[PDB]
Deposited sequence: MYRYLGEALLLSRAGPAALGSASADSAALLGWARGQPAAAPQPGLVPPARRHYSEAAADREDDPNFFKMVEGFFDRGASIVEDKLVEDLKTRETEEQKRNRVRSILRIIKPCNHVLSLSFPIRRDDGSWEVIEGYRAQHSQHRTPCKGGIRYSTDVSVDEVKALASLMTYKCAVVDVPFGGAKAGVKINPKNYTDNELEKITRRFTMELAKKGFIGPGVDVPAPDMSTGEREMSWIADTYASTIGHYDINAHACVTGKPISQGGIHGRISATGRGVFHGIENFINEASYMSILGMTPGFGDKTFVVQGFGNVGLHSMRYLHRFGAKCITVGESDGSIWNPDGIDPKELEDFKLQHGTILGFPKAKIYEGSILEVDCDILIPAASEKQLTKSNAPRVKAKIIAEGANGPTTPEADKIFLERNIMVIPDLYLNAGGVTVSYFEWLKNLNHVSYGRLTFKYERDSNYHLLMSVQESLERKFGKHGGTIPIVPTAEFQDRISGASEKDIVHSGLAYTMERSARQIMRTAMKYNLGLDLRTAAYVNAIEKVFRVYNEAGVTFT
C-alpha cells in the first residue's frame, strides 16, 4: 500500500540569464516485488511528494490489470515548464536523470520513466542520451532506460494512438483499465528496445510466403478435382488482406498485442464481477482484480 522508495532531490542550475536556481524533484517507486518500476515524469509547480506517491501506487495497480510486469513509479520536478527556455530544460532534465541514476531510480532493469502532458519525447531523448552516455555506456539495454522516445532513437510505432486506441478496444470488449493502452504500448516499446530489433522485421516475409503457399495449396487441391491449368483461382488474397501483407509493419504487431491485452484484461475483470458478483460497477472489480494479482 505505501511506496517502497521515495527519492527527494534538490539540484542547482544556472539560469539562462546567469541566475542561480535550486530545482526540487521526486521519484517514488512503489512495489519492488515487480521490477523494473515504470512511470511518468511531471513538470508542474503542483508536484508534491504525496502526489507522486499516490500516482506510483495507482501505476502499480494499472500495470497489474493489463499484466504488464512493471512496478509503479512516478516522478515530478517542481518547475513551470513555460518559464524556462529549451536550453535549461535540457539541463534540468539531464541533471535530474543523472541524480536519479546515481541512486538507482533510473535504469532499464530498475526504473523506466515515461512522458506526461508536461513532458515530451524530446525530454525522453535527453534522458536516454544522458543514461547512455554516462551510467549506461556499456549496458546493452541502455536504450530501454526510458520509453516514449522518438522512432529514430528507439521509439515505437503506434504510440500516438495507443491510449485512444486502447480506450476503444476496452469498450468494444464491454479509468484503471481503459487508460492502460499507453502503459501497454510503453511495455511493448521497452521490449522492442530489449529485443534490439523491431517487431516482425524477420517474420513478415516469412509469413507472407507462408500465406501464399496456403492459397496456392488450395488451388492445386481444387484443381485435382476439376481439370484446369490455374483456371480456378483460390490463389488470390482479398483486397483488405493484400493491403495487410504489403503494408505489414511494427505498428500492426503493436495493435494486435494491445488488442489482445485489452481483450484479456476485460474478461478477467468480468470474471472478477462474476465472483463477488459486483454489479455494473467495473471500477471496484478492476481494483479487486489488480490487488488480487499484486
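Missing C-alpha coordinates: which residue stretches of the deposited sequence does that apply to? According to the deposited record, C-alpha coordinates are absent for 1-109, 284-426, 547-558, which together make up the missing parts.
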